[PDB]
Amino acid sequence: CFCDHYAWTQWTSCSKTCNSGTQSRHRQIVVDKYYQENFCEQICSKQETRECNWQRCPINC
Ligand SMILES: *[C@@H]1O[C@@H](C)[C@@H](O)[C@@H](O[C@@H]2O[C@H](CO)[C@@H](O)[C@H](O)[C@H]2O)[C@@H]1O
Ligand SMILES: *[C@H]1O[C@H](CO)[C@@H](O)[C@H](O)[C@@H]1O
Ligand SMILES: *[C@H]1O[C@H](CO)[C@@H](O)[C@H](O)[C@@H]1O
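In this text, residue positions in the sequence shown follow our numbering: the first is 41, and each later residue adds one.
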């Protein structure tokens with residue numbers, strides 16, 4: 041199975057604008073002949089969540 045046959049969406053915009061939140065992207069899966077036959081379901085990545093707007097949030101006086 042070539043999982044890149046099913047394209048990544050774009051990464052989402054960040055859950056926060058600082059103090060570090062998360063964001064995600066997922067393959068655009070369609071459950072066809074190729075998917076069921078080549079066991080893409082067992083070995084292919086479906087989700088990613090991660091660090092975005094990482095820096096410590098600034099604090100004003
Ligand atoms: C997003 O952009 C940055 C430039 C900051 O100005 C952020 O301010 C912070 O906003 C968060 C919202 O999650 C508040 O919790 C913070 O108190 C505030 O400093 C801005 O939201
Ligand atoms: C998601 O990004 C990967 C690289 O990690 C590509 O192989 C894939 O085609 C999709 O764009
Ligand atoms: C997710 O976001 C990264 C930027 O950090 C892109 O380069 C990638 O193509 C995908 O859109």
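Note that CB positions come from ideal geometry on N, CA and C, so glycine has one too.
*asked:* Which residue marks the beginning of the alpha helix (DSSP H) containing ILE83, and which one marks its end?
replied: Taking the sequence shown and counting its residues from 1, one reaches residue 83 at position 43. Start and end: 80 to 83.
*Going by Cα to Cα distance, which pick from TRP48, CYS84, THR62 and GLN68 is closest to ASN93?*
As a working mapping, residue 93 is identified with position 53 in the sequence shown. Nearest C-alpha to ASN93: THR62.
*Using a threshold of 7 Å, is the CB atom of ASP44 nearer than that to any non-hydrogen atom of ligand 2?*
Sequence index remark: in the sequence shown, residue 44 carries index 4 (1-based). Indeed, a heavy atom of ligand 2 lies less than 7 Å from the Cβ.
_So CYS41 and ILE83 are supposed to be a Cβ contact under 8 Å. How far apart are they, rounded?_
Here residue 41 is taken as the residue at index 1 of the sequence shown, counted from 1. Here residue 83 is taken as the residue at index 43 of the sequence shown, counted from 1. About 6 Å; that satisfies the 8 Å criterion.
_Contact test: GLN95 Cβ vs ligand 3 heavy atom, cutoff 7 Å_ = Position 55 of the sequence shown, counting from 1, holds the residue named residue 95. No - ligand 3 has no heavy atom lying nearer than 7 Å to the Cβ of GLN95.
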